[PDB]
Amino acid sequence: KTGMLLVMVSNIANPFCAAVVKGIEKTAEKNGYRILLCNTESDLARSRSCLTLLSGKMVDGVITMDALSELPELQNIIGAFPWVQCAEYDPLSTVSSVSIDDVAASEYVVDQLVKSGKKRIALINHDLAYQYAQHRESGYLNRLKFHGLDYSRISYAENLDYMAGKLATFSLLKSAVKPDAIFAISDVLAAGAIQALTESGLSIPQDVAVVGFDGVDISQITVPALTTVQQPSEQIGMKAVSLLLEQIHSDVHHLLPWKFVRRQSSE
């Protein structure tokens, strides 16, 4: 009845979010909706504020990209109002969602690194409030144990910006035992790694391979170009709206396929 949807975004400065929002705006407008965004950064104080649009009767449905951490409380506020969780969701909950299989993806990256002769794979992680951070860290650890590797180092980036990945990398290079590959949970973090490696005069991938995650345009801009896990980000957004519309017209955790895109930073 209002012709408006609310989108809670985790980080508008994350280019993954921007590509997912583009897909959401496309499907919403194809279906006669317009979209309002809240840059929540999974801060329930901002969420509580923007959700007054439900009770204010200003929107017909909600899509969230907020951290798993926040989802139980969001459920208390949102209740049965149309809702889809997008990229970030709770697989134990009854709320409809769409994402990829993060665990499968990070396991495949580690397997490819191992198959290529790398043994000392470090992870650059971000905020464990997010289930996708949790999953990618489990997939990583899963395959280190499997292949029987004994190096394991995870560096937690504070911000999702290149400088965070860069300093994470210098941090990893400080040890006696240095990685021979760095898997970053985002392409922005990985571009920062590539820059630290380069200023350190390490060849990529001959000294240290780098693999990122998401397949956003930065992965094509970096030298060397960045091997990454490409999400179908735009379609994630489109499918979130399609699932939402189904609740709006009434009265599943959907997984879309990812692709490993092999580039020079790993080959």
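Residues carry their position along the shown sequence, with the first being 1.
In this entry, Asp251 is separated from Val252 by 4 to 9 residues of the deposited sequence that have no coordinates. The stretch 66-74 shows the higher mean C-alpha B-factor when 202-210 is compared against 66-74 in the entry. Of the two segments, 84-92 and 133-141, the one listed with the higher mean B-factor is 84-92 (C-alpha atoms only). Highest C-alpha temperature factor among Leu36, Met238, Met58, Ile218 per the entry: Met58. If you compare the C-alpha temperature factors of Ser175, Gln195, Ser97, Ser186 in the entry, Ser175 comes out highest. When the CA B factors of the chain's modelled residues are split into thirds, the value for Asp127 lands in the middle one. Among the modelled residues of its chain, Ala225 has a C-alpha B-factor that falls in the middle third, as given in the PDB entry. Split the chain's modelled residues into thirds by C-alpha temperature factor. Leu167 is in the middle one. When all modelled residues of the chain are sorted by CA temperature factor, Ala13 is found within the middle third. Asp180 sits in the lowest third of its chain by CA B factor, as recorded in the PDB entry.
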